[PDB]
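Chain and residue survey
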Amino acid sequence: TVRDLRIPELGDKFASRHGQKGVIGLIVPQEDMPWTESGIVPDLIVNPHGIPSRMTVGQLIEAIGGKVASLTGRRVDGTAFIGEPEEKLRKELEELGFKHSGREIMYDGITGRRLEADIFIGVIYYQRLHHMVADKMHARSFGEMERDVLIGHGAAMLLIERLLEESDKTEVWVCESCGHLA
Amino acid sequence: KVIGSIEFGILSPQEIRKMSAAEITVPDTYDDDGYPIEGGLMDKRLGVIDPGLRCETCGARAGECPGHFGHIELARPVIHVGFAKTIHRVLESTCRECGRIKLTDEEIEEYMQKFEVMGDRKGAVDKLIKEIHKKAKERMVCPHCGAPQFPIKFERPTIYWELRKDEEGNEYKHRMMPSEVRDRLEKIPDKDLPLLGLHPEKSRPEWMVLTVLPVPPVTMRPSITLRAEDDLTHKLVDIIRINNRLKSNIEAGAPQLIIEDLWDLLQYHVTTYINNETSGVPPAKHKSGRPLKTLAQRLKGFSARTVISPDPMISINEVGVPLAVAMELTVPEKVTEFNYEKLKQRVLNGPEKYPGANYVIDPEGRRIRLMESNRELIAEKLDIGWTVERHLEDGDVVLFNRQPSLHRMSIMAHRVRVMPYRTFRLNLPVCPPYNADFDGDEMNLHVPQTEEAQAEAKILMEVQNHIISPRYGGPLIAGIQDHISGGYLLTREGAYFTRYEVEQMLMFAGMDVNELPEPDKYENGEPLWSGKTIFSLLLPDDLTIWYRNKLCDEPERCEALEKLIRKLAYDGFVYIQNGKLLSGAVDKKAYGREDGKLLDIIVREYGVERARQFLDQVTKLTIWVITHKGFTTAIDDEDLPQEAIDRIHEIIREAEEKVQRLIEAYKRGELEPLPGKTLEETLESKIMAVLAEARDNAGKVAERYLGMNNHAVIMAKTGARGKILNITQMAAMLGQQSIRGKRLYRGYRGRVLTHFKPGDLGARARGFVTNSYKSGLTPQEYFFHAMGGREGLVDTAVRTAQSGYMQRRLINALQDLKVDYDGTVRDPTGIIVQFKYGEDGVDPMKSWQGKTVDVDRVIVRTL
Amino acid sequence: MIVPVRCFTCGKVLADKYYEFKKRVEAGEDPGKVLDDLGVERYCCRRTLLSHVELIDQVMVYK
Amino acid sequence: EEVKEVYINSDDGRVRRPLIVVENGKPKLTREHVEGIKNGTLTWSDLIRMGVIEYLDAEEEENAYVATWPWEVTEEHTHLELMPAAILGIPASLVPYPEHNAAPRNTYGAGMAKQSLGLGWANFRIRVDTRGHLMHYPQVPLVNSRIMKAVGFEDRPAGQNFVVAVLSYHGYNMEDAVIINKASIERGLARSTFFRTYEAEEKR
Amino acid sequence: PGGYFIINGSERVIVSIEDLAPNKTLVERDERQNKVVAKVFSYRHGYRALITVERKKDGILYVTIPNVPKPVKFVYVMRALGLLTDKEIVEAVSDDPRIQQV
Amino acid sequence: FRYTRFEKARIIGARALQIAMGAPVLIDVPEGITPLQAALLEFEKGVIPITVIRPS
Amino acid sequence: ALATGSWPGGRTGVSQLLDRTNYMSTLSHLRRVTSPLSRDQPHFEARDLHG
Amino acid sequence: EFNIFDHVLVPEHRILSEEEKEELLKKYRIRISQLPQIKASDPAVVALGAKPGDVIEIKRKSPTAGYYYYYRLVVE
Amino acid sequence: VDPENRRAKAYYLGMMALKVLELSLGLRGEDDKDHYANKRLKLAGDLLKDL
Amino acid sequence: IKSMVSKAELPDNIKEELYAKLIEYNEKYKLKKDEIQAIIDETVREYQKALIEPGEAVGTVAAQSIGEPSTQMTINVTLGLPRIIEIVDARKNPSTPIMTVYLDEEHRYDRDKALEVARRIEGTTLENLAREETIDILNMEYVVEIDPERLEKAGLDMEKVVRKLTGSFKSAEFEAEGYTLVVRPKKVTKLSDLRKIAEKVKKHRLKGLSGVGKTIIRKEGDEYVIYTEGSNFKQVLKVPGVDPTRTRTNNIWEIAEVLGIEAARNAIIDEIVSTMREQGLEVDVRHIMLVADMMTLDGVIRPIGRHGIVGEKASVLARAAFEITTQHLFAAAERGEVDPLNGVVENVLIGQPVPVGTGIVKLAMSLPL
Ligand SMILES: [Mg+2]
Ligand SMILES: [Mg+2]
Ligand SMILES: [Zn+2]
Ligand SMILES: [Zn+2]
Ligand SMILES: [Zn+2]
């Protein structure tokens, strides 16, 4: 048996328990990473455009719940139908010492002025999927629609180039007045 | 030196005899387990397949050696199964003794002249073919044999007859022999063949009756080693096996009948050789029951891939390629006077370093592998004319691909920009044409070799040359989500960027030195930069355009235009003047795909170098605004106070009792049925409309008691994944859950779930969620939503079947159609399908939303 | 798998406060106060110790 | 509407469901028995013998007016759900507050849980799986389900609690993409090991 | 948790099979090949066979047999079965007079 | 008065291929790249001797 | 026959390889229920979540 | 009771004299057999009285080029 | 399987016919063959028996 | 203001002239000479540079563009995507056809006049102007009965109901308890098969014109529009008020058999467009026009595949790899007469550059020096 050490590099797949799949886009140094006045530095930063389109409230609620859980010490029960109504974790989170809104004040690690807004920070449980880029990438030293695309653009030479010239090109001698291969 | 045409026909005996390398006479194969070389069917000057080179004069070792044909002198003629019906259709349409087509002079004259008007359409020529057939088949008085009464033919599978006369009122059936038939087709002159389905030169009728059987080459009959003999060879063995017996019986004594039996047997065998799956012909099987698959069963029966990551820091036409992938994929570059130094340094760097190489091809053609040996003595007096396979360099032409490949925009030419790590980097605005996102999507990478191919891709398939989609008159490559949000914040009424922000961040684009940055519009509150002016620092100095923004609606529609028949006090109707952004805000209306009003204009007026620039610099512009200012969604963005809650509660109760009154009325048979639909359908239809009405109303209530000036709402109203249809579902209610149309009924014999009373047709009972994703779904609602949620899974995934198939059909129908140089769409058989394409001849990728030159726009351009 | 030596986000020593943490809570003492009595400021560093699993007490009993 | 029939299934493949029988408004057996359940007094088998939990297949469930919660127990409710959160299966139980999400998203996440990386076998270094994975520093999901503890997912998790921030930085997280703290990675977070065993049989 | 076999090394598991209840009559829908049909799977020691009693649109009413399809009338099969008198077959179908009249 | 895209691509490719197999390039002297870009720069100066004979 | 997942009855996919990719995976795989229908033709009434 | 004629979806059908026929077939550099074709059975052809040999000049309103003239041969 | 058993199958078959007549009569309602009442699961046991 | 247009018609295509005339005239700012010259020069620049480049392959791109939105595409019955499939694949009777019958210049502005038409085309059998049916006692046999509502809003009455006896196999007469009775003392027609009587006797009724069902009316901009639940174009024209210059019907073939081929093409385009637009997505009309032209070519509308366009002649090779087609490629090739080409798949199967794209260009270069 052979083991292979695998560090979460560029391209690996990550996904929370809310069908929020994503690929690591860039690994940014903690220094450039923005920090909250409380001292918190993000582990994973998700684009805010992947929330209102989809309708996954459970992920946000889970963030708040993980924040409360981290502060209080309770593991928090999120069992379906019978878990703390979100507004209670929101109302407890503050008395623990944090804005109800799940957001805090974050400072830009690059320039330095704090962003003129609040930043929703939470603790959501992400799962690493077995889709590692290490086993996806490979190179070599194209069917119907793939023909039709080159046709649409009009790249004939490119077609031949890909489907024949780089395989089994065979040369035969045709008679001019006969039509039969010589 | 390439193929102009191919002209099919029928082989003459002479051809088969001349194109043969040797006459095959010995019915045997190899034999056996040692020494596979005979003198009839195997390599007797015919073809090579074993590691032994001997052949027919041409020597030509087993490696590379086009097979040679052979022949078989058939002891007797044999009807070709493929022509059987045609031969029949010919025989009873023409005259025996004569050779005429049993048509009057007049008929021929006007028929041929009706045959030239159809000389290209294969489908419409058969109508007249069979019509002619039947018109001749009815006659018995041909104009070229004093008429001698023609005994109608019979057929099948390969036998012919003629119900002749000799007695009187009799109708005996004289049998028909291949010799007779063939010699009877040899009388039909070249003049009559065109009136049929034959040729005087290409396809003579007599050739339909095989006199010589062409033997396939050794190369076409390869032996499938474990040896599993080839089927063709075996059946051939049987054919010669009978052929020789026949010839040997003809040369000796002739009891006639014997020769007839053997003749018909030979006929069977050839018939099987032509087609084993024939009709009326017992399939010649191998000793196992497994049928032999002959001829009719024979013609029948540099890239890379990886994950993708975003990169708004590379050019829109550029592609990020992992340097490891760049070190595997190589390009053929012939050493010339301009790259002599480069390539020598490349090959000297070996397969290592970064700008190295893996192979070298000298002019003789021998490939040299740079691995072993060393890059030392290899990289010597290369001289011009060699060829280096260097690793991928920044800028090389490369095709980027993401399956499924719907439109053409799925394969685009990119410029390699070699980077570490292990993913492909795609600039963000080029996501709509590929239909790619990120979650886990992987794409393909192609590396073309011949200079012609690379150029062609770089000239015609480059990203910048396809910002606009050919489907509709609009741009496909543009702002996605943050680009929209960033454009809004950058072009806002209150957009004042301190020097620190403007100065440091304009480096994400360019363009300043002198009369660009100037001069700080606002020093009122403080010396600062208006966002409109900063955005204005990109548009060229002559584009004046005006179009209403997304918010130019509701009672905020207004107007107050004023034509030229300068101050600034406007907001909605976006007004850009010579690069100066006077009024308006940037959103889905302003930038983004699909649209058709700004990005569209800068690509028509200034298409290649400018369009890419405006695109490239804008993303990085818009992005840094978003980034430096802070842009998020919290959980309180969808929260409504107690007041909105009580209001929604009262609304859902009202809708409930509305449905009950409908049910109580239905129970008592209080009729009131809808016109068209059935009574049971009336009840359902009325309820669905009643509840849908209430749903939209609840959502309308939700947009009031929620601050319309926070981040989330901006995105909804701006242009980054938005839709009021979903907003109602998140805050207010999801609504009625349906299954293929009707409500949720499929459950127990008397109800959906076991928590309701049998027959309960109430609102909650037939699947209606009252709560939204915020408040949370109840146990019932969660299940109902799951039943209704299965729809999207099934529907969206099923549509692929019909989409792909339908498209595959119409693709295989129109793939031949082109625009000829005379500006005409013609089918590949010279048939004018469309005099001037699209009526006007303007490419939809180049027209102003269907309009053949947007006249109102061109006129305005007078400054 | 034995407390992630140090921490992830807050990347300071934390392994050295494993035993006493667990053992202090293993008497009824609420972890959210036990942590406070030790060097546990921010929650990011706190999480690493809160939600740990110590699977190793299964894996060793093998090879 | 005009026939009365009585069916009895006692076969070998029926899928039933345990329910609290409710005669009138009072569900059979109360705190008297929960008190003993928490103790080593009555096991669950003893329960089914006593007559509180009843196995209803589809056919028998046809004659049942089930009450969701023990709060709406009128004198018509035949049976009572013990816990509706058990409606879904074992993988869907990994999702926190699933009733706050959309059906498709829940489907995705639930089916995606079978792709997570962690320890699923205490004996991995002796296992001979074709291809296996091992997440170095796994963690119990904060805000999880009561089910997760009974299933044994808490004893063998597959993932980590990432302190996530929501914003688009640098524009490298757009289109579902996600940005990661370098330091956290360099300190262990999200690291895992790949395993692949090759074999060789001395064929005779 | 167990529940799987170890064959040739690899851990093999039997995926539970959802079948339509054996030994039972089910009336199919309508107008695919001809109106209404009832369908009966029946099992006996390894082998499983099907028995349809399709009432096609003219009231013939046939029955399918495993050995060679070619359906036979319900009354043919009924009399070849063990019911002689018409009263036997008729009353065996149903004791309801109205239905008996059909 | 101009060329079509397809004709442009075709010509460029042709010239580049001519340059690959030898054949001195017209006015270029200080460069340092492949024959493709050579033909491309040559085209930017309109000195490519390749003419498109159109059937009309 | 148990190692190939093809029973005598003409049915196939009776036995699969116990999906072991993590803990949850195996447990879920042991509790998986499969129908024996057509992998291509659409069964709208068999796929919908029945009550 | 009126008639069809240039109505709902009906364009201006006209018949070509020998002159415009020859010239038209000369312009597009094509043979007689290469045109789209109509049938003598076509209602719009029998109404205008077209014979198997005529080339109908069709004038239709196009929402892109406005006015477009097509051409077709009457056959069976 | 024996000849005495015929007399029973008779009745059974009769009922099958009856059901049919009823559905064509508009007094049966098509059999929901997806309802789990008419659904039986073959577990490892019976599969191994049949094997 | 009378000269520029004329000599501008040479580079222009007539239509743009009408538009331009409209603008520079209807603008209260009448420019000088230079501005007009410059403007015409610019408009012409646009037109000359907007033309399609000869060498394009619009068949393939129109195909792709028309088949692309299909993936992103998930009483009146009506259709959606399957409609696109039905119209592209000919199909004699489209699933759920509809007619948008307009009225001429009199009933277009009168409700009482539109209603007459509506009830007159609706066509109602006996199973709709009823509620149920029952039997008799002993020898009474049977008898008619209800209902009565479908007479008190459509406007038919018991009279022409008595008329019905138009050579009927039986038919009686007895309008009593609102439920018209019908006693029939004869056979030689019916014996006891009261089931098969669903169609004939009850269905073989016709109270109206055309063989259609429900008809819903809807106004639209001071115009009354009649919506049909099916089609019978031939007999729809022979109805008082029906505007013969505007009746629209999605049911193809019928349009080709009544109006003609050009009208069939126009109907094809119109219908494709209407569907696409009523789905949200938009495709340029020129693609659809190409497909429609290619489809209505040959003198009759034919399906886009196998039994139509893909099924017709191209070259043998475009049917030689026609999926193992015994009775085709075997049939097509067994007829050895001629063979052309200059196709597309033939050239790629053979190893030749496709004649589309660049392939339709030929280079030339004098080699001195
Ligand atoms: Mg996406
Ligand atoms: Mg994706
Ligand atoms: Zn040879
Ligand atoms: Zn003669
Ligand atoms: Zn920390």
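Reading the values: rules and limits
Residues numbered from 1 in each chain as written, not as in the entry; some residues may be left out. Chains lettered and ligands numbered in written order. Part of a larger assembly, values for the part shown. Heavy atoms only, no water. Residues with missing side-chain atoms left out of burial classes, pairs and counts. Donors = N, O, S within 2.8 Å, 3.2 Å for Na, K, Ca; no water. Buried < 20%, exposed > 50% of the residue type's maximum accessible area, 1.4 Å probe, protein only. Pairing = 2+ DSSP bridges. Helix = DSSP H or I, 4+ residues; strand = E, 2+ residues; numbered from the N terminus. Contact = heavy atoms within 4.5 Å. Buried area = accessible area lost by both parts, 1.4 Å probe. Salt bridge = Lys/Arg side-chain N within 4 Å of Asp/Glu carboxyl O. Polar contact = N/O pair within 3.5 Å; in protein donor to acceptor, adjacent residues only side chain to side chain. Axes fitted to C-alpha atoms, helices over the stretch in contact; angles between N-to-C directions. Parallel < 35°, antiparallel > 145°, perpendicular 65-115°, else oblique. Left-handed = near helix turned anticlockwise from the far one by under 90°. Nonpolar A, V, L, I, M, F, W, Y, C, P; charged D, E, K, R; others polar. Disulfide = S-S within 2.5 Å. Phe/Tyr/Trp six-rings, centres within 6.5 Å; stacked < 30°, edge-to-face > 60°. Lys NZ or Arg CZ within 6 Å of the ring centre and 35° of its normal. Expected span 1.5 Å × (residues − 1). Patch = residues over 30% accessible without salt bridge, like charges linked within 9 Å, V, L, I, M, F, W, Y side chains within 5 Å. Areas by Shrake-Rupley, 256 points an atom, 1.4 Å probe, with all protein chains shown as cover. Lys, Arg positive; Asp, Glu negative; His and termini not counted. Charge placed at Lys NZ, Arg CZ, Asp CG, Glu CD. Arc of directions from axis to C-beta.

In the annotation of the PDB entry, chain G is listed under the name DNA-directed RNA polymerase and assigned to Thermococcus kodakarensis. Looking at the PDB record, one finds the entry titled "Crystal structure of euryarchaeal RNA polymerase from Thermococcus kodakarensis".

Under the PDB entry, the name given to chain D is DNA-directed RNA polymerase, and the source organism is Thermococcus kodakarensis.

Residues and elements named next belong to chain C. Distances from the zinc ion (ligand 5) to its protein donors, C44 (SG), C45 (N) and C45 (SG), fall at 1.9 to 2.1 Å. Its relative accessible area of 1% is what places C44 among the buried residues. For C45, a relative accessible area of 7% gives the class buried.

Strand order in the open sheet made by the 3 strands is β2(G)-β3(E)-β1(I), with mixed pairing throughout. Strand pairing shows two members of the sheet lacking a second neighbour, β2 (33–34) of chain G together with β1 (39–42) of chain I, which therefore form its edges. Where strand β3 (residues 16–20) of chain E meets β1(I), 4 bridges bridge the pair, whose relative direction is antiparallel. Bridge pairing in β1(I) links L20(E) to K39(I).

The next point concerns the pairing of strand β21 (residues 574–577) of chain B. Along any regular strand, the residues point their side chains to alternate faces of the sheet. All names here are of chain B. By the alternation rule, side chains of β21 split into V574 and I576, which are all buried, and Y575 and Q577, of which none is buried. Where strand β20 (residues 545–547) and β21 come together, 3 bridges link them in antiparallel fashion. By the bridge assignment, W546 is partnered in β21 with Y575. Two successive antiparallel strands, β21 and strand β22 (residues 580–583), enclose a turn made up of 2 residues, where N578 displays a positive phi of approximately 50 degrees.

Our next topic: the interface of chain D and chain A. On the side of chain A, 76 residues touch chain D, which itself brings 75 residues to the contact. Summing both partners gives a buried area of about 7,100 Å² for chain D against chain A, and 61% of it is carried by carbon and sulfur. In terms of surface lost to chain A, no three residues of chain D exceed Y97(D), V163(D) and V178(D), which account for 10% of the buried area on that side. At the surface where chain D touches chain A, the tally comes to 3 salt bridges. If you look at where chain D meets chain A, you find 45 residue pairs in polar contact.

Residues and elements named next belong to chain B. At a minimum axis separation of 9 Å, helix α6 (residues 231–251) and helix α7 (residues 257–274) run at an interaxial angle of 160 degrees. Accordingly, the angle class assigned to the pair α6 and α7 is roughly antiparallel. You can see that α6 and α7 cross each other, and the crossing is left-handed. For the pair formed by α6 and α7, the contact residues are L232, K235, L236, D238, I239, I242, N243, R245, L246, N249 and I250 on the first element and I258, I259, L262, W263, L265, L266, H269, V270, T272 and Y273 on the second. The class makeup of the residues in the contact of α6 with α7 is 14 nonpolar, 4 polar and 3 charged.

Once that is clear, we can look at the sheet that holds strand β26 (residues 825–827) of chain B. As summarised here, the arrangement of the 3 strands in space is β25-β26-β27 (chain B), forming an open sheet in which the pairing is antiparallel. Each edge of the open sheet is held by one strand with a lone partner, namely β25 (818–819) and β27 (831–834) of chain B. When β25(B) meets β26(B), the two strands line up antiparallel, connected through 2 bridges. Bridge pairing in β26(B) links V819(B) to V825(B). On the sheet, helix α11 (residues 285–296) of chain J packs against β26 and β27 of chain B and is oriented at approximately 140 degrees with respect to β27(B).

Let us now look at the state of the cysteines. Residue and element names in this part refer to chain B. With the rule as written, the count across this model stands at 4 disulfides over all chains. One disulfide in the model links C142 with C145; its S-S distance is 2.3 Å. Of note, the bridge from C142 to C145 carries an S-S torsion of about -60 degrees and is left-handed in sense. Assessed through its relative accessible area of 6%, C142 is described here as buried.

Before going further, it helps to examine the packing of aromatic side chains. Tallying each qualifying case throughout the model produces 21 aromatic pairs over all chains. Taking the centre distance of 5.4 Å and the plane angle of 80 degrees together, the rings of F400(B) and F424(B) count as edge-to-face. Within this pair, whereas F400(B) is found in strand β12 (residues 397–401), its partner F424(B) is found in strand β14 (residues 424–426), the two being separated by 24 residues in sequence. Ring geometry for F8(C) and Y137(D): centres 5.9 Å apart, planes at 25 degrees, overall stacked. Remark: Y137(D) occurs in the loop between β5 (131–135) and α5 (146–151) and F8(C) occurs in the segment before α1 (18–25); the pair is interchain, linking two chains. Residue class for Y137(D) comes out partly exposed when judged on its relative accessible area of 23%. Taken together, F835(B), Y28(H), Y68(H), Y69(H), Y70(H) and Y71(H) form an aromatic cluster joined through their ring pairs. The ring of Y108(D) has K21(A) lying over it, and the distance from NZ or CZ to the ring centre is 6.0 Å. The ring of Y43(E) carries the charged tip of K42(I) above its face, separated from the ring centre by 5.8 Å.

Cis rather than trans, the peptide bond between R156(B) and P157(B) has omega equal to 0 degrees. When you line up the elements, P157(B) lands in the loop between β2 (153–155) and β3 (160–162). With an omega dihedral of 0 degrees, the bond running from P368(J) to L369(J) counts as a cis peptide bond. By secondary structure assignment, the location of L369(J) is in the segment after β5 (363–364). Phi angles above zero are rare outside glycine, and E594(B) is one such case at about 65 degrees. With respect to the helices, strands and loops of the structure, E594(B) is situated in the loop between β22 and α16 (599–605). Residue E594(B) is classed as partly exposed on the basis of its relative accessible area, which comes to 48%. Although it is not a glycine, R721(B) adopts a positive phi angle of roughly 55 degrees. Structurally, the position occupied by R721(B) is in the loop between α20 (711–717) and α21 (724–732).

Within the secondary structure layout, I480(B) lies in the loop between β17 (474–475) and α13 (482–490). The class of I480(B) is buried, set by a relative accessible area of 16%. Put simply, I480(B) and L428(B) are 52 residues apart on the chain and 7.6 Å apart in space, counted from C-alpha to C-alpha. Not counting residues within four places of it along the chain, the set of residues in contact with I480(B) comprises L428(B), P429(B), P432(B), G719(B), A720(B), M174(D) and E175(D).

Between the first and last C-alpha of helix α4 (residues 122–137) of chain B there are 23 Å, a value that for 16 residues agrees with the 22 Å anticipated at 1.5 Å per step. Among the structural elements, α2 (84–91) and α3 (105–112) of chain B are those in contact with the buried residues of α4(B).

The next point concerns the packing of helix α1 (residues 57–72) of chain A against helix α2 (residues 86–95) of chain A. Residues and elements named next belong to chain A. Two elements in contact, α1 and α2, have axes separated by 10 Å at closest approach and are oriented at 40 degrees. Relative to α2, α1 is oriented oblique. Relative to α2, α1 is oriented so that their crossing is left-handed. Residues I61, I64, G65, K67, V68 and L71 of α1 form the contact with α2, whose participating residues are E86, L89, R90 and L93. Classifying every residue of the contact of α1 with α2 by side-chain character gives 6 nonpolar, 1 polar and 3 charged.

Right, let's talk about a nonpolar patch on the surface for a bit. A contiguous nonpolar patch, built from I37(D), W44(D), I48(D) and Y55(D) and spanning about 320 Å² of accessible area, is present on the exposed surface. Following the sequence through the fold, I48(D) ends up in helix α2 (residues 44–50).

The residue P29(A) is located in the loop between β3 (21–28) and β4 (35–36) in this model. When the C-alpha atoms of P29(A) and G109(A) are compared, they prove to be 10.0 Å apart, with 80 residues separating the residues in sequence.

All right, on to a negative patch on the surface then. A cluster of like negative charges, contributed by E1(D), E2(D), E88(E), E91(E), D95(E) and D96(E), occupies part of the molecular surface. Its location among the elements puts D96(E) in the loop between α2 (86–93) and α3 (97–100). For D96(E), a relative accessible area of 33% puts it in the partly exposed group.

Attention shifts here to helix α9 (residues 340–348) of chain B. Residue and element names in this part refer to chain B. When we look at burial in α9, the residues that qualify are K342, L343, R346 and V347. Buried residues of α9, seen end-on, are gathered within an arc of 125 degrees and therefore sit on one face of the element. Looking at the packing, one finds that the buried side of α9 touches β8 (330–334), β9 (357–361), α10 (375–378) and β11 (387–391). Of the residues flanking the end of α9, it is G350, one or two places downstream, whose phi is positive at about 70 degrees.

A few words now on the environment of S16(A). Residues and elements named next belong to chain A. Tracing the chain through its elements places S16 in strand β2 (residues 13–16). Classification of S16 as buried rests on a relative accessible area of 0%. A sequence separation of 70 residues divides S16 from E86, and the C-alpha atoms of the two residues are 19 Å apart. Setting aside its immediate chain neighbours within four residues, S16 contacts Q59, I124, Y125, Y126 and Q127. Separated by 2.9 Å, the side chains of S16 and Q59 make a polar contact.

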